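K.L.:
Could you have a look at this structure, given as structure tokens, before my questions?
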Amino acid sequence: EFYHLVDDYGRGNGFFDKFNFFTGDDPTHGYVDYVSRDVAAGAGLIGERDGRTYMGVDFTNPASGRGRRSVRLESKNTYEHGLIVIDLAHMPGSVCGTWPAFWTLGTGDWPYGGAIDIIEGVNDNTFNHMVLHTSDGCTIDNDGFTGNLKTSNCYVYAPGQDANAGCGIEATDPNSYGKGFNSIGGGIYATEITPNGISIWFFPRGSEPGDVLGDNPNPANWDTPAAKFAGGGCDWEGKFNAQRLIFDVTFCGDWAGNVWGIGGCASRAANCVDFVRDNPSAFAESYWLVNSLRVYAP
Ligand SMILES: OC[C@H]1O[C@@H](O[C@H]2[C@H](O)[C@@H](O)[C@H](O[C@@H]3[C@@H](O)[C@@H](O)O[C@H](CO)[C@H]3O)O[C@@H]2CO)[C@H](O)[C@@H](O)[C@@H]1O
Ligand SMILES: OC[C@H]1O[C@@H](O[C@H]2[C@H](O)[C@@H](O)[C@H](O[C@@H]3[C@@H](O)[C@H](O)O[C@H](CO)[C@H]3O)O[C@@H]2CO)[C@H](O)[C@@H](O)[C@@H]1O
């Protein structure tokens with residue numbers, strides 16, 4: 001009745017076995033060096049921490065080569081429709097120079113498969129930004145969510161929007177991302193994909209509904225989502241195909257690197273790359289700590 005489990009990602013090596021580790025140059029052109037599973041384990045970038053799954057970055061060595069070492073995991077399995085529930089004890093902090101993201105990417109050529117940014121932000125951001133990226137012909141309505149809509153056109157080249165800004169909604173809770181999120185011991189992000197739209201709920205630690213982690217969660221009875229992407233201005237079924245889950249932490253690049261000098265991180269260094277390269281200790285908080293990752297289907 002409602003939803004049923006299709007995949008419990010487990011923890012540790014069993015969890016890592018369900019992902020492919022991306023090691024190519026960063027598609028978002030950041031100052032990052034994505035390493036293999038073996039190199040990551042050898043550098044302490046991945047592992048298990050008291051039953052929870054850890055994924056972080058190099059906060060020890062001055063960077064060299066492509067950039068600061070990190071990992072990008074992309075799930076082996078993909079999902080058409082469903083409910084993605086992640087319980088995090090910790091997420092990458094609001095650290096200057098960083099650009100963490102837990103998101104989904106459709107199959108096929110970009111951007112026809114669509115993409116969903118569930119948890120994403122840059123540098124010293126306070127609020128989480130939930131965003132969709134699609135081909136042309138997809139805009140969203142203004143109701144059904146607690147967050148504040150920033151952009152309404154999901155097309156990667158929407159007319160007056162920055163390139164690939166997509167259609168984003170900003171959370172109103174300062175504990176929805178980074179520093180605040182970690183200070184309260186994290187929380188739960190549930191993402192629902194249907195042929196009529198996408199919804200994302202953020203439940204700060206201890207405020208989650210009693211069935212969110214169980215066998216049959218029912219979003220219909222949950223409080224208002226933080227972000228809802230729906231409306232007749234988009235063919236929801238056609239704009240998104242099978243999605244794979246992705247975890248990553250990049251540095252500088254297209255977004256973080258370009259807004260480095262405009263925000264509160266500007267005074268830290270002349271530029272993002274210099275900061276990330278010479279201040280390894282600043283990235284200790286840039287890690288994911290997963291309590292559980294479960295995917296359900298209608
Ligand atoms: O166009 C050249 C490459 O595109 C790759 O697709 C990328 C896309 O280019 C990139 O902008 C996008 O970045 C993601 C954001 O859209 C959003 O979803 O947030 C993500 C997390 O921060 C961010 O990475 O990612 C797309 C998928 O990697 C093609 O994959 C690549 O083959 C092609 O050369
Ligand atoms: O290209 C040089 C030019 O960059 C401007 O900064 C842009 C950057 O180029 C864009 O790629 C970036 O876009 C972000 C998206 O990639 C992201 O997915 O979503 C965010 C959120 O709304 C987008 O901002 O935006 C920045 C800032 O507009 C510099 O401003 C400009 O001076 C420089 O010449």
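Ordering of the structure tokens sets the chain letters (A, B, ...), residue numbers begin anew at 1 in every chain, and ligands are numbered from 1 in the order given.
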Each residue of chain A with at least one atom at most 12 Å from ligand 2 should appear once, together with its nearest atom pair and the corresponding distance in Å (one decimal); atoms considered: only C-alpha atoms and all ligand atoms; ordering: chain, then increasing residue number; output as a Markdown table.
P.N.:
```
| residue | atom | partner | partner_atom_place_in_ligand_line | distance |
| --- | --- | --- | --- | --- |
| A:27 | CA | ligand 2 | 16 (O) | 11.0 |
| A:28 | CA | ligand 2 | 16 (O) | 7.9 |
| A:29 | CA | ligand 2 | 11 (O) | 10.2 |
| A:30 | CA | ligand 2 | 16 (O) | 11.3 |
| A:99 | CA | ligand 2 | 17 (C) | 10.2 |
| A:100 | CA | ligand 2 | 18 (O) | 11.9 |
| A:101 | CA | ligand 2 | 18 (O) | 10.9 |
| A:115 | CA | ligand 2 | 18 (O) | 10.8 |
| A:116 | CA | ligand 2 | 18 (O) | 11.0 |
| A:117 | CA | ligand 2 | 18 (O) | 9.2 |
| A:120 | CA | ligand 2 | 18 (O) | 9.3 |
| A:121 | CA | ligand 2 | 19 (O) | 8.8 |
| A:122 | CA | ligand 2 | 20 (C) | 9.1 |
| A:125 | CA | ligand 2 | 21 (C) | 11.6 |
| A:128 | CA | ligand 2 | 21 (C) | 11.6 |
| A:129 | CA | ligand 2 | 21 (C) | 8.6 |
| A:130 | CA | ligand 2 | 19 (O) | 10.2 |
| A:131 | CA | ligand 2 | 18 (O) | 8.2 |
| A:132 | CA | ligand 2 | 18 (O) | 9.3 |
| A:133 | CA | ligand 2 | 18 (O) | 8.4 |
| A:134 | CA | ligand 2 | 18 (O) | 11.7 |
| A:149 | CA | ligand 2 | 22 (O) | 11.0 |
| A:150 | CA | ligand 2 | 22 (O) | 7.7 |
| A:151 | CA | ligand 2 | 22 (O) | 7.6 |
| A:152 | CA | ligand 2 | 22 (O) | 11.0 |
| A:153 | CA | ligand 2 | 22 (O) | 11.2 |
| A:154 | CA | ligand 2 | 18 (O) | 10.6 |
| A:155 | CA | ligand 2 | 18 (O) | 11.2 |
| A:156 | CA | ligand 2 | 18 (O) | 8.6 |
| A:157 | CA | ligand 2 | 15 (C) | 10.5 |
| A:158 | CA | ligand 2 | 22 (O) | 11.5 |
| A:160 | CA | ligand 2 | 28 (O) | 11.1 |
| A:161 | CA | ligand 2 | 22 (O) | 7.6 |
| A:162 | CA | ligand 2 | 13 (O) | 5.2 |
| A:163 | CA | ligand 2 | 11 (O) | 5.5 |
| A:164 | CA | ligand 2 | 15 (C) | 5.0 |
| A:165 | CA | ligand 2 | 19 (O) | 3.8 |
| A:166 | CA | ligand 2 | 18 (O) | 6.6 |
| A:167 | CA | ligand 2 | 22 (O) | 8.4 |
| A:168 | CA | ligand 2 | 22 (O) | 7.3 |
| A:169 | CA | ligand 2 | 22 (O) | 9.8 |
| A:170 | CA | ligand 2 | 22 (O) | 10.2 |
| A:252 | CA | ligand 2 | 8 (C) | 10.8 |
| A:253 | CA | ligand 2 | 11 (O) | 8.4 |
| A:254 | CA | ligand 2 | 11 (O) | 4.6 |
| A:255 | CA | ligand 2 | 14 (C) | 4.6 |
| A:256 | CA | ligand 2 | 26 (C) | 8.0 |
| A:257 | CA | ligand 2 | 6 (O) | 8.1 |
| A:258 | CA | ligand 2 | 6 (O) | 4.5 |
| A:259 | CA | ligand 2 | 27 (C) | 5.6 |
| A:260 | CA | ligand 2 | 6 (O) | 9.3 |
| A:261 | CA | ligand 2 | 30 (O) | 9.0 |
| A:262 | CA | ligand 2 | 30 (O) | 8.2 |
| A:263 | CA | ligand 2 | 27 (C) | 10.7 |
```
K.L.:
For the selection just defined, write its residues with C-alpha atoms to a file, as a PDB file, in the first residue's frame.
P.N.:
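See result-v7.pdb below for the written result:
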```pdb
ATOM      1  CA  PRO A  27      32.443  17.858 -15.901  1.00  0.00           C
ATOM      2  CA  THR A  28      31.889  21.062 -13.919  1.00  0.00           C
ATOM      3  CA  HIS A  29      35.549  21.992 -14.403  1.00  0.00           C
ATOM      4  CA  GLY A  30      36.411  22.242 -10.729  1.00  0.00           C
ATOM      5  CA  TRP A  99      30.607  22.474  -4.081  1.00  0.00           C
ATOM      6  CA  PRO A 100      28.980  19.304  -2.664  1.00  0.00           C
ATOM      7  CA  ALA A 101      25.958  17.585  -4.156  1.00  0.00           C
ATOM      8  CA  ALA A 115      18.802  15.907 -13.541  1.00  0.00           C
ATOM      9  CA  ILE A 116      17.687  16.453  -9.958  1.00  0.00           C
ATOM     10  CA  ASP A 117      19.770  18.318  -7.375  1.00  0.00           C
ATOM     11  CA  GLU A 120      23.490  21.191  -3.431  1.00  0.00           C
ATOM     12  CA  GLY A 121      25.291  24.383  -2.539  1.00  0.00           C
ATOM     13  CA  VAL A 122      28.596  26.194  -2.779  1.00  0.00           C
ATOM     14  CA  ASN A 125      25.893  28.849   1.544  1.00  0.00           C
ATOM     15  CA  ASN A 128      19.922  24.138   0.533  1.00  0.00           C
ATOM     16  CA  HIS A 129      19.032  24.717  -3.117  1.00  0.00           C
ATOM     17  CA  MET A 130      16.867  22.095  -4.825  1.00  0.00           C
ATOM     18  CA  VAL A 131      17.068  22.302  -8.611  1.00  0.00           C
ATOM     19  CA  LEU A 132      16.022  20.525 -11.803  1.00  0.00           C
ATOM     20  CA  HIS A 133      17.882  20.627 -15.131  1.00  0.00           C
ATOM     21  CA  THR A 134      16.108  19.733 -18.358  1.00  0.00           C
ATOM     22  CA  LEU A 149      11.329  29.691  -5.748  1.00  0.00           C
ATOM     23  CA  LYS A 150      14.398  31.346  -7.271  1.00  0.00           C
ATOM     24  CA  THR A 151      14.023  30.330 -10.929  1.00  0.00           C
ATOM     25  CA  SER A 152      10.990  28.886 -12.726  1.00  0.00           C
ATOM     26  CA  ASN A 153      12.496  27.613 -15.997  1.00  0.00           C
ATOM     27  CA  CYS A 154      14.305  24.232 -15.800  1.00  0.00           C
ATOM     28  CA  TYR A 155      15.817  24.428 -19.307  1.00  0.00           C
ATOM     29  CA  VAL A 156      19.621  24.614 -19.110  1.00  0.00           C
ATOM     30  CA  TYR A 157      19.581  27.607 -21.471  1.00  0.00           C
ATOM     31  CA  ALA A 158      16.465  29.371 -20.165  1.00  0.00           C
ATOM     32  CA  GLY A 160      17.339  35.310 -18.798  1.00  0.00           C
ATOM     33  CA  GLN A 161      18.854  32.742 -16.437  1.00  0.00           C
ATOM     34  CA  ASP A 162      22.541  32.006 -15.952  1.00  0.00           C
ATOM     35  CA  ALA A 163      23.617  29.005 -18.020  1.00  0.00           C
ATOM     36  CA  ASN A 164      22.405  25.776 -16.434  1.00  0.00           C
ATOM     37  CA  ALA A 165      20.863  27.573 -13.466  1.00  0.00           C
ATOM     38  CA  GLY A 166      17.867  25.309 -13.967  1.00  0.00           C
ATOM     39  CA  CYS A 167      14.652  25.774 -11.985  1.00  0.00           C
ATOM     40  CA  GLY A 168      15.598  26.070  -8.333  1.00  0.00           C
ATOM     41  CA  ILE A 169      13.858  26.404  -4.994  1.00  0.00           C
ATOM     42  CA  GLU A 170      15.688  27.594  -1.873  1.00  0.00           C
ATOM     43  CA  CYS A 252      35.639  25.922  -7.447  1.00  0.00           C
ATOM     44  CA  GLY A 253      34.598  25.316 -11.056  1.00  0.00           C
ATOM     45  CA  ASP A 254      31.563  26.549 -12.996  1.00  0.00           C
ATOM     46  CA  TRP A 255      29.610  27.672  -9.967  1.00  0.00           C
ATOM     47  CA  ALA A 256      31.683  27.867  -6.770  1.00  0.00           C
ATOM     48  CA  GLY A 257      34.725  29.184  -8.612  1.00  0.00           C
ATOM     49  CA  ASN A 258      32.804  31.908 -10.449  1.00  0.00           C
ATOM     50  CA  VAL A 259      30.974  33.275  -7.396  1.00  0.00           C
ATOM     51  CA  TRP A 260      33.982  32.990  -5.086  1.00  0.00           C
ATOM     52  CA  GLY A 261      34.851  36.660  -5.456  1.00  0.00           C
ATOM     53  CA  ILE A 262      31.311  37.965  -5.004  1.00  0.00           C
ATOM     54  CA  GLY A 263      30.295  36.355  -1.714  1.00  0.00           C
TER      55      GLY A 263
END
```
K.L.:
Tell me, as a CSV table (one decimal) with N, CA and C atoms, in the first residue's frame, which residues lie within 6 Å of residue 98 in chain A, counting only C-alpha atoms; anything in the same chain fewer than 2 positions away does not count.
P.N.:
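To be explicit, this is the file written out as around.csv:
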```csv
chain,number,residue,atom,x,y,z
A,95,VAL,N,31.7,25.1,3.6
A,95,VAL,CA,33.1,25.4,3.5
A,95,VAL,C,33.5,26.2,2.2
A,96,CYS,N,34.2,27.3,2.4
A,96,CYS,CA,34.6,28.1,1.3
A,96,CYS,C,35.3,27.3,0.2
A,122,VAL,N,27.2,25.9,-2.6
A,122,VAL,CA,28.6,26.2,-2.8
A,122,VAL,C,29.1,27.1,-1.7
A,123,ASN,N,30.4,27.1,-1.5
A,123,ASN,CA,31.1,27.9,-0.6
A,123,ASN,C,30.5,28.0,0.8
A,251,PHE,N,35.3,21.3,-6.2
A,251,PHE,CA,35.9,22.5,-5.7
A,251,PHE,C,35.9,23.6,-6.8
```
K.L.:
Between A:34, A:222, A:21, A:247, which has the minimum distance to ligand 1 (counting only C-alpha atoms and all ligand atoms)?
P.N.:
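Between A:34, A:222, A:21, A:247, the residue approaching ligand 1 most closely is A:247.
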K.L.:
Go through A:268, A:239, A:76, A:228 one by one, measure the shortest atom-to-atom distance of each to residue 137 in chain A using only C-alpha atoms, and give the residue with the smallest value.
P.N.:
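Using only C-alpha atoms, the shortest distance to residue 137 in chain A belongs to A:239.
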K.L.:
Hey, what's within 9 Å of residue 44 in chain A if we count only C-alpha atoms and toss same-chain stuff fewer than 5 positions away? As a compact mmCIF listing (two decimals) with C-alpha atoms, in the first residue's frame, please?
P.N.:
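Now in around_31.txt:
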```txt
# COMPACT_ATOMS: atom_id res chain seq x y z
CA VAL A 39 43.01 5.26 -3.84
CA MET A 55 32.63 9.89 1.89
CA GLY A 56 34.88 12.93 2.26
CA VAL A 57 37.78 14.86 0.73
CA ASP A 58 41.54 15.30 1.27
```
K.L.:
To one decimal in Å, tell me the separation between CA of residue 248 in chain A and CA of residue 59 in chain A.
P.N.:
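Computing it gives 15.3 Å between the two atoms.
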K.L.:
Compare A:51, A:106, A:97, A:42 by their minimum atom-to-atom distance to ligand 1, counting only C-alpha atoms and all ligand atoms, and give me the closest one.
P.N.:
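Between A:51, A:106, A:97, A:42, the residue approaching ligand 1 most closely is A:106.
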K.L.:
From the list A:230, A:295, A:46, A:265, which residue is nearest residue 144 in chain A when using only C-alpha atoms?
P.N.:
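The closest residue to residue 144 in chain A is A:230.
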K.L.:
Can you tell me which residues surround residue 1 in chain A at a distance of at most 12 Å, considering only C-alpha atoms, apart from same-chain residues fewer than 2 positions away, and format the answer as number ranges by chain?
P.N.:
A: 3-5, 215-220, 296-298
K.L.:
Next, write the just-selected residues to a file, as a PDB file, in the first residue's frame, keeping N, CA, C and O atoms as the atom set.
P.N.:
```pdb
ATOM      1  N   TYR A   3       4.027   2.662  -1.204  1.00  0.00           N
ATOM      2  CA  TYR A   3       5.360   2.375  -1.677  1.00  0.00           C
ATOM      3  C   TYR A   3       5.994   1.115  -1.068  1.00  0.00           C
ATOM      4  O   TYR A   3       5.641   0.685   0.045  1.00  0.00           O
ATOM      5  N   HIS A   4       6.908   0.510  -1.833  1.00  0.00           N
ATOM      6  CA  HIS A   4       7.623  -0.676  -1.334  1.00  0.00           C
ATOM      7  C   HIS A   4       9.119  -0.554  -1.606  1.00  0.00           C
ATOM      8  O   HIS A   4       9.529   0.012  -2.617  1.00  0.00           O
ATOM      9  N   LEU A   5       9.943  -1.087  -0.710  1.00  0.00           N
ATOM     10  CA  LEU A   5      11.380  -1.035  -0.875  1.00  0.00           C
ATOM     11  C   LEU A   5      11.832  -1.774  -2.133  1.00  0.00           C
ATOM     12  O   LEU A   5      11.315  -2.851  -2.449  1.00  0.00           O
ATOM     13  N   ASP A 215       9.035   0.151   5.839  1.00  0.00           N
ATOM     14  CA  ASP A 215       8.737  -0.650   4.658  1.00  0.00           C
ATOM     15  C   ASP A 215       7.812   0.018   3.648  1.00  0.00           C
ATOM     16  O   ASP A 215       7.929  -0.228   2.450  1.00  0.00           O
ATOM     17  N   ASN A 216       6.886   0.848   4.116  1.00  0.00           N
ATOM     18  CA  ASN A 216       5.956   1.494   3.196  1.00  0.00           C
ATOM     19  C   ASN A 216       5.687   2.957   3.508  1.00  0.00           C
ATOM     20  O   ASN A 216       4.632   3.311   4.041  1.00  0.00           O
ATOM     21  N   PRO A 217       6.642   3.835   3.177  1.00  0.00           N
ATOM     22  CA  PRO A 217       6.442   5.259   3.447  1.00  0.00           C
ATOM     23  C   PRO A 217       5.306   5.798   2.584  1.00  0.00           C
ATOM     24  O   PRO A 217       5.085   5.318   1.471  1.00  0.00           O
ATOM     25  N   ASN A 218       4.581   6.781   3.106  1.00  0.00           N
ATOM     26  CA  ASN A 218       3.479   7.385   2.371  1.00  0.00           C
ATOM     27  C   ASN A 218       3.565   8.909   2.394  1.00  0.00           C
ATOM     28  O   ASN A 218       3.055   9.565   3.302  1.00  0.00           O
ATOM     29  N   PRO A 219       4.213   9.490   1.374  1.00  0.00           N
ATOM     30  CA  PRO A 219       4.393  10.938   1.230  1.00  0.00           C
ATOM     31  C   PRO A 219       3.082  11.722   1.255  1.00  0.00           C
ATOM     32  O   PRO A 219       3.049  12.876   1.674  1.00  0.00           O
ATOM     33  N   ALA A 220       2.004  11.090   0.805  1.00  0.00           N
ATOM     34  CA  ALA A 220       0.707  11.752   0.774  1.00  0.00           C
ATOM     35  C   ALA A 220       0.334  12.336   2.131  1.00  0.00           C
ATOM     36  O   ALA A 220      -0.340  13.364   2.203  1.00  0.00           O
ATOM     37  N   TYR A 296      12.534   3.404  -2.967  1.00  0.00           N
ATOM     38  CA  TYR A 296      11.243   2.730  -3.028  1.00  0.00           C
ATOM     39  C   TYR A 296      10.581   2.955  -4.381  1.00  0.00           C
ATOM     40  O   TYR A 296      10.954   3.862  -5.128  1.00  0.00           O
ATOM     41  N   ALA A 297       9.584   2.131  -4.685  1.00  0.00           N
ATOM     42  CA  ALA A 297       8.849   2.252  -5.936  1.00  0.00           C
ATOM     43  C   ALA A 297       7.352   2.124  -5.654  1.00  0.00           C
ATOM     44  O   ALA A 297       6.945   1.427  -4.725  1.00  0.00           O
ATOM     45  N   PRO A 298       6.515   2.810  -6.446  1.00  0.00           N
ATOM     46  CA  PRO A 298       5.066   2.742  -6.251  1.00  0.00           C
ATOM     47  C   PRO A 298       4.531   1.348  -6.553  1.00  0.00           C
ATOM     48  O   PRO A 298       3.651   0.886  -5.799  1.00  0.00           O
TER      49      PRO A 298
END
```
K.L.:
Apply DSSP to the backbone of this structure and, from range 93-162 of chain A, keep only the residues in strand (DSSP E or B); write these as a ChimeraX atom specification.
P.N.:
/A:98-106,115-120,129-134,138-139,148-149,153,155
K.L.:
Could you take the residues named above and write them with N, CA and C atoms, as a compact mmCIF listing (two decimals), in the first residue's frame?
P.N.:
```
# COMPACT_ATOMS: atom_id res chain seq x y z
N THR A 98 34.17 24.89 -1.66
CA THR A 98 33.54 23.61 -1.97
C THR A 98 32.22 23.70 -2.71
N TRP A 99 31.84 22.58 -3.32
CA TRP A 99 30.61 22.47 -4.08
C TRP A 99 30.13 21.02 -4.00
N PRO A 100 29.49 20.66 -2.88
CA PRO A 100 28.98 19.30 -2.66
C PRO A 100 27.61 19.11 -3.29
N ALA A 101 27.26 17.86 -3.59
CA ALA A 101 25.96 17.59 -4.16
C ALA A 101 25.55 16.13 -4.07
N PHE A 102 24.28 15.91 -3.72
CA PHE A 102 23.70 14.58 -3.71
C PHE A 102 22.61 14.83 -4.74
N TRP A 103 22.68 14.13 -5.86
CA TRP A 103 21.72 14.36 -6.94
C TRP A 103 21.50 13.14 -7.79
N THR A 104 20.63 13.28 -8.79
CA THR A 104 20.35 12.19 -9.70
C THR A 104 20.54 12.70 -11.12
N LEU A 105 20.98 11.80 -11.99
CA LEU A 105 21.23 12.12 -13.39
C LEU A 105 20.55 11.10 -14.29
N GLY A 106 19.79 11.58 -15.26
CA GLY A 106 19.10 10.69 -16.17
C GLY A 106 20.06 10.02 -17.13
N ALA A 115 17.94 16.07 -14.71
CA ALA A 115 18.80 15.91 -13.54
C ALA A 115 18.09 16.52 -12.35
N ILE A 116 18.32 15.96 -11.17
CA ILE A 116 17.69 16.45 -9.96
C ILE A 116 18.70 16.72 -8.85
N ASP A 117 18.86 17.98 -8.46
CA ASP A 117 19.77 18.32 -7.37
C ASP A 117 18.95 18.32 -6.08
N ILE A 118 19.16 17.30 -5.27
CA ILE A 118 18.43 17.15 -4.01
C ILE A 118 19.10 17.97 -2.92
N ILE A 119 20.42 17.84 -2.81
CA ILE A 119 21.20 18.60 -1.85
C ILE A 119 22.35 19.20 -2.65
N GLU A 120 22.42 20.53 -2.70
CA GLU A 120 23.49 21.19 -3.43
C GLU A 120 23.70 22.62 -2.94
N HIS A 129 19.67 24.31 -1.87
CA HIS A 129 19.03 24.72 -3.12
C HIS A 129 18.68 23.46 -3.89
N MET A 130 17.38 23.26 -4.11
CA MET A 130 16.87 22.10 -4.82
C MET A 130 16.54 22.55 -6.24
N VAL A 131 17.18 21.90 -7.21
CA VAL A 131 17.07 22.30 -8.61
C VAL A 131 16.92 21.18 -9.64
N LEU A 132 16.19 21.48 -10.71
CA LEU A 132 16.02 20.52 -11.80
C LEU A 132 16.70 21.11 -13.04
N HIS A 133 17.21 20.23 -13.89
CA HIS A 133 17.88 20.63 -15.13
C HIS A 133 17.27 19.79 -16.24
N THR A 134 16.75 20.45 -17.27
CA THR A 134 16.11 19.73 -18.36
C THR A 134 16.35 20.35 -19.73
N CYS A 138 10.15 23.20 -20.08
CA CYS A 138 9.83 22.74 -18.73
C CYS A 138 9.95 23.87 -17.72
N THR A 139 8.80 24.34 -17.22
CA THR A 139 8.75 25.40 -16.22
C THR A 139 7.85 24.91 -15.09
N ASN A 148 11.41 28.87 -1.17
CA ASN A 148 11.18 30.05 -1.98
C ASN A 148 11.78 29.87 -3.36
N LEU A 149 10.91 29.88 -4.37
CA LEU A 149 11.33 29.69 -5.75
C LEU A 149 12.28 30.79 -6.20
N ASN A 153 12.25 28.34 -14.75
CA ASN A 153 12.50 27.61 -16.00
C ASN A 153 13.63 26.59 -15.80
N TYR A 155 14.96 24.58 -18.13
CA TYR A 155 15.82 24.43 -19.31
C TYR A 155 17.21 24.98 -19.02
```
K.L.:
Between A:93, A:62, A:47, A:113, which is the closest to ligand 1 once you count only C-alpha atoms and all ligand atoms?
P.N.:
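Counting only C-alpha atoms and all ligand atoms, the residue closest to ligand 1 is A:113.
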K.L.:
Using only C-alpha atoms for the distances, tell me which of A:242, A:249, A:282, A:227 is nearest to residue 26 in chain A.
P.N.:
A:249
K.L.:
Quick one: DSSP helix (DSSP H, G or I) residues in range 159-242 of chain A, as a PyMOL selection string?
P.N.:
chain A and resi 178-183+219-221+236-239
K.L.:
Determine, counting only C-alpha atoms, which protein, DNA and RNA residues have an atom within 6 Å of an atom of residue 192 in chain A; residues of the same chain fewer than 2 positions away are not included. Present the result as JSON, numbers by chain.
P.N.:
{"A": [82, 83, 198, 199]}
